[PDB]
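J.: Residue numbers (PDB author numbering), protein chains in the order written: chain C, 4 to 34; chain A, 9 to 562; chain B, 2 to 168.
From the three backbone atoms N, C-alpha and C, an ideal C-beta is built for every residue, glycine too.
Structure in structure tokens, see below.
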Ligand code: HAS
Ligand code: HEM
Ligand SMILES: CCCCCCCC/C=C\CCCCCCCC(=O)OC[C@H](O)CO
Ligand code: CUA
Ligand SMILES: [Cu+2]
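Encoded structure:
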């Protein structure tokens with residue numbers, strides 16, 4: 004299995020989620 | 009040289025590349041001063057003593073954006089996406105058209121540069137009406153961009169000559185990537201060509217009194233999204249088809265690479281209302297439709313992440329690396345041609361995450377026109393695209409000139425790409441954090457030093473980035489001219505083949521590649537998506553034109 | 002073999018990643034659609050074309066007297082006519098009550114400006130010849146800064162305004 008390639012897309016997925024949910028939270032705090 | 013008589017395409021490719029790097033150097037000089045500005049340090053009195061034609065922060069910012077993001081990126085794309093396919097097919101491009109494309113780019117640049125240097129077009133690289141630039145800027149920029157229409161013809165010619173001599177054969181991979189790239193750019197370019205011919209040129213010559221700024225922006229952003237995919241795809245072509253060989257491996261899938269490029273042909277153009285979420289007079293229904301299509305244009309990059317990571321892991325295992333993370337240490341970290349694009353890909357992770365936030369309609373009201381947006385795009389174009397172009401010099405320049413790279417020049421190259429990468433990462437922290445504190449983009453904030461007290465900590469990052477990138481830029485200048493102006497030549501380097509990767513094939517591949525080789529069909533589908541995405545809004549706008557007078561406020 | 006095994010294992014996991022990718026993007030679309038059905042959507046500018054002549058907006062009609070710019074249009078609703086110009090905003094200050102719905106009608110007599118209210122989601126481009134219409138309810142009284150966040154010429158970095166929200 005491409006375990007190394009899996010580790011990269013996990014880090015990419017967590018980066019997307021922290022960015023997106025962080026700004027979603029900001030948007031409601033300002034709303 | 010007998011090599012230039014057999015491969016005159018080497019000399020023309022070289023003139024594109026060198027003109028591109030010269031534009032990058034001149035535009036980049038302003039970068040460190042802008043970073044210091046976003047650190048609340050005003051160094052413009054010093055810059056004005058060095059370059060006394062600079063009248064303002066905003067003239068510097070215009071030069072920065074035009075030369076780095078329009079001129080350097082276009083000339084790199086014209087070099088790579090004509091030369092790589094020529095060499096893969098072993099066929100000569102039409103050299104009359106290749107030299108015409110170069111002369112159009114050169115003349116377009118000279119004519120646009122004159123009013124930019126004279127402070128007659130301080131309108132930024134978006135030139136939004138009713139700010140009214142000098143006619144020579146709009147004419148020069150038009151001629152510069154229309155150079156690319158000659159490049160399209162050159163590659164469609166190569167492809168048609170190949171097909172006629174190889175009936176029944178699927179397009180080879182690099183030629184496939186270049187054909188769908190150039191056809192996407194044809195469709196993309198029409199927004200800006202229409203804005204220039206219908207509005208900006210007659211307006212700037214005084215033939216019409218006013219321009220509708222809402223229609224002007226709508227045509228601009230038709231081209232203004234896909235142009236960033238135009239910048240990106242030459243870097244992806246190198247990352248798919250050359251990087252795996254430089255890493256010690258192979259490309260793990262030809263069809264997954266073709267499919268990423270096909271999705272960019274379909275999805276790059278019909279999405280530009282993601283630049284207009286904060287514009288009046290555009291129905292929110294259409295904004296939501298462009299938001300959804302923008303999220304889909306992320307898929308080919310999410311796919312690229314997996315296909316490239318799997319290829320680098322394959323190379324690391326081949327070279328002896330074991331475990332979860334041992335494949336990383338086994339890769340050639342002593343080779344700047346390998347290191348530069350791989351660091352670019354690491355910064356592209358947070359760069360892409362920021363883009364997905366920007367695309368998400370209502371979330372854009374948090375970040376629109378703040379320092380967040382420059383934080384995002386320096387990770388995409390100023391890091392991945394630029395570092396991939398800097399790394400290419402270690403294998404492309406010897407191939408074009410026969411000039412060897414010394415072990416010393418190799419080591420200096422490693423220092424340049426690490427400092428450039430690290431400088432871009434530090435600036436990204438500063439700009440994203442300042443954006444969330446409501447610091448605006450496009451602003452000489454160092455002239456209002458008490459206006460943003462909340463941003464004191466991220467401002468320290470912007471100062472540190474300005475210094476690091478100034479050092480990287482000076483080392484880059486020294487290295488590039490060390491190579492170009494060296495006397496030694498070894499013509500056998502000039503006749504060596506390019507380092508194209510081998511591919512691992514599977515039983516699937518034949519069937520997938522035939523369906524994707526129907527380029528006439530996919531072009532039709534791409535065209536119709538642009539009609540449906542733009543047509544209804546544009547009918548509305550052109551029916552209700554409200555032209556307004558021009559202003560000079562500089 | 003090694004290569005052929007690796008190729009089959011790589012494509013197998015890539016199929017899973019692409020299904021996961023699609024699933025995640027679909028969940029983001031659902032979370033965006035939710036914002037459009039709440040009060041937080043009032044900061045989206047009106048899609049209607051409302052044309053005005055930038056050459057007469059300071060002479061005739063609702064932007065011509067800044068002291069009569071705040072108009073009660075509803076039992077808990079005020080409409081404010083805001084001019085963004087080189088280089089300032091009128092009225093200055095804008096004075097509105099806490100807890101009411103505010104409809105901002107912004108235009109420009111000259112070039113494009115931004116209208117970004119610090120601490121809020123109000124963040125709208127202002128085009129000459131067009132009216133930008135957005136809605137917001139202020140929950141907290143105090144002073145809110147307006148920032149010009151669209152490059153509008155040499156006075157851009159100094160272009161600020163003031164909203165005063167009264168208890
Ligand atoms: C090359 C240049 C650019 C690329 C690429 C780019 C990508 C995106 N952008 Fe963007 N952008 C926006 C949305 C996106 C989205 C959805 C993507 C997507 O295409 C991004 C998808 C990318 C990914 C999902 C990343 C995948 C990750 C990869 C491929 C790395 C893997 C790493 C590996 C393999 C390494 C492993 C190796 C080891 C050794 C471990 C939006 C709105 O939706 C705005 C307007 C915001 C506003 O308010 O003005 C915007 C604004 C800009 C502007 C400013 C324009 C201006 O002046 O006003 C520029 C110049 C720009 C450039 C670029 N942008 N963008
Ligand atoms: C030494 C390298 C660099 C530094 C320190 C740097 C820094 C900056 C900073 C701080 C800004 C924001 C200024 C503002 O909003 O007022 C900026 C804008 C920009 N930079 Fe860079 N930059 C560099 C290189 C590049 C490169 C290589 C590219 C593209 C290939 C690029 C493209 C841009 C663009 C398109 C803008 C926006 C212009 C506009 O808003 O009109 N930069 N840069
Ligand atoms: C295999 C399992 C399948 C199912 C898994 C799917 C995951 C669902 C995710 C999000 C739900 C979205 C619901 C929207 C609710 C939003 C609530 C919110 O954010 O409201 C706070 C705010 O303060 C209000 O004013
Ligand atoms: Cu008004 Cu910037
Ligand atoms: Cu875009």
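(1) Based on the DSSP output, what are the partners of residue 106/B in its beta bridges?
(2) Is the CB of residue 434/A under 7 Å away from at least one CB in chain C?
(3) For residue 72/A, name the three-state secondary structure that DSSP assigns.
(4) With a threshold of 7 Å between beta-carbons, can residue 289/A be considered close to chain B, or not?
(5) Mapping the DSSP letters down to three states, classify residue 37/B as helix, strand or coil.
(6) Expressed to the nearest angstrom, what Euclidean distance is found between the alpha-carbon atoms of residue 44/A and residue 451/A?
(7) Check residue 58/B in the structure and name its three-state DSSP category.
(8) For a contact meaning CB atoms closer than 7 Å, what does residue 373/A contact in chain B?
(9) Under a Cβ-count criterion, where at least 16 other Cβ atoms within 10 Å of its own Cβ denotes burial, should residue 536/A be classed as buried or exposed?
(10) What does the alpha-carbon distance come out to for the pair residue 540/A and residue 24/C?
(11) Just how far apart, CA to CA, sit residue 217/A and residue 159/A?
(12) Check this for me: beta carbons of residue 116/A and residue 129/A, under 7 Å apart or not?
(13) Please list, in chain order, the chain C residues whose beta carbon lies closer than 8 Å to that of residue 335/A.
(14) Within the stretch 490-553 of chain A, note down every full alpha helix (DSSP H) run reaching 4 residues or more, in order along the chain.
(15) Between the stretch 395-408 of chain A and the stretch 421-429 of chain A, do at least 3 Cβ pairs fall closer than 8 Å?
(16) Please state the DSSP three-state secondary structure of residue 145/B.
(17) If you draw a straight line from the alpha carbon of residue 59/B to that of residue 67/B, how long is it in whole angstroms?
(18) Compute the Euclidean distance between the alpha carbons of residue 185/A and residue 273/A, then round it to the nearest angstrom.
(19) For a test of the three-state rule: what should DSSP assign to residue 155/B, helix, strand or coil?
(20) List the residues of chain B that residue 261/A touches, going by C-beta distances under 9 Å, in chain order.
(21) Give the single residue among 167/B, 104/B, 102/B whose Cα lies nearest to the Cα of residue 94/B.
(22) My guess is that residue 304/A and residue 275/A are in contact by the Cβ rule of under 8 Å, so how many angstroms apart are they, rounded?
(23) Is there a Cβ of chain C sitting closer than 7 Å to that of residue 64/B, yes or no?
(24) Quick one: which chain A residues come within Cβ less than 7 Å of residue 15/C?
(25) Select from 462/A, 524/A, 430/A the residue whose C-alpha is nearest the C-alpha of residue 444/A.
(26) Under 8 Å Cβ to Cβ from residue 5/A, same chain only, skipping five residues before and after it: list those, please.
(27) By a C-beta neighbour count over all protein chains shown, 10 Å radius and 16 as the cutoff for buried, is residue 121/B buried or exposed?
(28) Reducing DSSP to helix, strand and coil, say where residue 376/A ends up.
(29) Hey, quick one: how far does the beta strand (DSSP E) through residue 13/A stretch, first residue to last?
(30) Quick check on DSSP: helix, strand or coil for residue 470/A?
(31) Suppose you measure from the CA of residue 320/A to the CA of residue 312/A; what does that come to, to the nearest Å?
(32) Counting C-beta neighbours from all protein chains within 10 Å, is the total for residue 456/A 16 or more, i.e. buried, or is it exposed?
(33) Give a yes or no on whether the minimum CB-CB distance between residue 138/B and chain C is below 7 Å.
T.: Put simply:
(1) 82/B, 134/B
(2) no
(3) helix
(4) yes
(5) helix
(6) 12 Å
(7) coil
(8) 44, 122, 124
(9) exposed
(10) 32 Å
(11) 35 Å
(12) no
(13) 7
(14) 499-503, 517-524, 527-551
(15) yes
(16) strand
(17) 9 Å
(18) 10 Å
(19) coil
(20) 8, 11, 12, 15
(21) 167/B
(22) 6 Å
(23) no
(24) 313, 357
(25) 462/A
(26) What the structure shows of chain A is the stretch from 9 to 562, and residue 5/A is not part of that stretch, so it cannot be assessed.
(27) buried
(28) coil
(29) Not the beta strand (DSSP E): residue 13/A falls in the alpha helix (DSSP H), residues 10-14.
(30) helix
(31) 12 Å
(32) exposed
(33) no
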